[PDB]
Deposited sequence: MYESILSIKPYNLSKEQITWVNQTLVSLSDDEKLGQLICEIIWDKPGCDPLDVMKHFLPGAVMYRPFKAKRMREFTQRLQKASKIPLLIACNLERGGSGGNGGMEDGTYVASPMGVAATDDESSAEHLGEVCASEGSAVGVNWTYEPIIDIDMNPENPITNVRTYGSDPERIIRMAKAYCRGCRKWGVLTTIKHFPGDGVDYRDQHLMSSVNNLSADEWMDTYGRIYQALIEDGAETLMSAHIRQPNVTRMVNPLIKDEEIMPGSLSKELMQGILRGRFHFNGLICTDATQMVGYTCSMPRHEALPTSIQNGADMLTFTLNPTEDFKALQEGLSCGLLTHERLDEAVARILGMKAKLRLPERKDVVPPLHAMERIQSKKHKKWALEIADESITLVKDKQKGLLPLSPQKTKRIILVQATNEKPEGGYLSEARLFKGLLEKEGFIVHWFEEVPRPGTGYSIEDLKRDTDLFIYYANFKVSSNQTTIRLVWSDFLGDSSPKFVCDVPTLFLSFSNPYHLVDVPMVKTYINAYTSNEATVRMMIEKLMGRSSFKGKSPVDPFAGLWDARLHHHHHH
């Protein structure tokens, strides 16, 4: 059975492999099959309530991951899919591992407009992940960064141009497959139209059916045909596409991707002929929990096309809900077997059953933070940093002979110990190496009743802003927050603004005359920024997006 699925892309299993999937399927109890639908988060005692089909590692040390893998796999009757959000390399972006290589955000790669940079990104992700036993990355994101106010897309995307997104996403996958790591296209039906986070609600892709088909649909078809192994159906609604499949559907029946049969079975399975593994986005996100009673939602997600539920809330209650859903018919035994078949087929595709070692040789660990990976990080930084606005004649290149005294102003939504980002301290120290006098904004006076603008101009030749407003779950804005530290004197003291993450900061500092986007806040990007501000390195980056956000005043 299931040869029509397992023998073709993205599976392409052999006769023997399909026999293993079928024989394993037959040997599983109902509870075992239900457990296979669940991916459990590791933050490894996750088998007390059921036997899960997969796990995802939060960011611990690479060595710990390699240890967890050996233990988890050696204890699992059915080999586990081992997931990780390897987004920006081995490290970076709230996922990956703690001591991996942080290469660059996806948008920083897109700024290079060189798809070989995305392939390199995918290689570092999959090379360092597979060394510790990871075989499934929840990447690449193929959302379109349409709405500059969306807090959860932003630098996690390859920008706002569908054609570039397709180029970069395909290259990323190309790099991952070279290391035997499954890829995941997300977030279906597509984030980036709304301005709201699906962690906090069910966000809405409200494009017309045609508009969606022409943009998001085009990208998904491109990655599906490219051989995308897995897809993540997120808690985002597409009402107009849903109504196209089901014109009589009531607005209250329209479910997000993770619960919608019109989207997962009508569009993906049907119209687009996606044959890979579908998993939901994390089930504890508000976008999921607020759309339907949970005891109903978990089995309905599988019944409506999803093969896997990502994470549990209360594991006992959740498994009990799957048991009852199967018992009372919310989930059919026939759809259950078909889901497990696709889960087991990806485990067979990875050749996990035949393997008799589990983790690679310890020598594999040497790829982590290898010279080659560090070197790609420096190439991407050299190619990505983008001079967006340069309307102050003579300012660049910087030199202590033109602006000796600098006030360095940090702006971030992080809360680093000591008050300052290590990357900002490094930037400060490197400016001083060049011969600048650099004080933090907090160290020097500011205009007021006892300090004049003439005094400020006497003590300050240049303001420089280090902006790092990063993407994180459950944030409703990544806008620039302070307000006397803002560029309020751009016509009195020259002012330079540097964004090391969010590229739309001109929304909040439109008065700035010199503005540069770097997309990534890591040591490699900081070092190339210094080289470029001093005139030793040319500005090569190209905005993969509109950094002015359609604002007349930002120019």
query: Ranges missing from the model, given as deposited sequence positions; finding: 44-50, 490-493, 567-573
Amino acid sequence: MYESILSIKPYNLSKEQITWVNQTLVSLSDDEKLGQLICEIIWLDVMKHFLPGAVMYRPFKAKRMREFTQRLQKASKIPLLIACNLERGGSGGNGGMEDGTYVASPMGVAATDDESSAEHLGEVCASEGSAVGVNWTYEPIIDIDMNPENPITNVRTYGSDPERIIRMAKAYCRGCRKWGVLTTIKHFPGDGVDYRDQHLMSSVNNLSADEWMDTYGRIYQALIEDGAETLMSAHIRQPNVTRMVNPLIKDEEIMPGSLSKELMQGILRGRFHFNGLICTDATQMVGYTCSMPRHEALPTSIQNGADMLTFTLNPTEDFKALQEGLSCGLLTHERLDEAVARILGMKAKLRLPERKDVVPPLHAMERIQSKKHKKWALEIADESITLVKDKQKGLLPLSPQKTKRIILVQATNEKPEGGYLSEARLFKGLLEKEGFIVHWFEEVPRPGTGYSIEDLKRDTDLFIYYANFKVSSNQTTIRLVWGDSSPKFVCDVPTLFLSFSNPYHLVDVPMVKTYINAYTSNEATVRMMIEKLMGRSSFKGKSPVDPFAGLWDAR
From here on, numbers count along this sequence of modelled residues.
property: 273-281 versus 472-480 - greater average Cα B-factor per the deposited record; result: 472-480
property: Between 56-64 and 511-519 (mean CA B-factor, as deposited), the higher; result: 56-64
property: Among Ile530, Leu37, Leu498, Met47 - the residue whose C-alpha B-factor is largest in the record; result: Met47
property: Residue selected from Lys186, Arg218, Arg342, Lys433 by maximal Cα B factor; result: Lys433
property: CA B-factor placement of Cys491, once the chain's modelled residues are sorted into thirds; result: highest
property: CA B-factor ranking of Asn502, expressed as a third of its chain; result: lowest
property: B-factor third for the C-alpha atom of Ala228 within its chain; result: middle
property: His235 CA temperature factor, ranked by third within the chain; result: lowest
property: Within-chain third of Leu350 by Cα B-factor, per the entry; result: middle
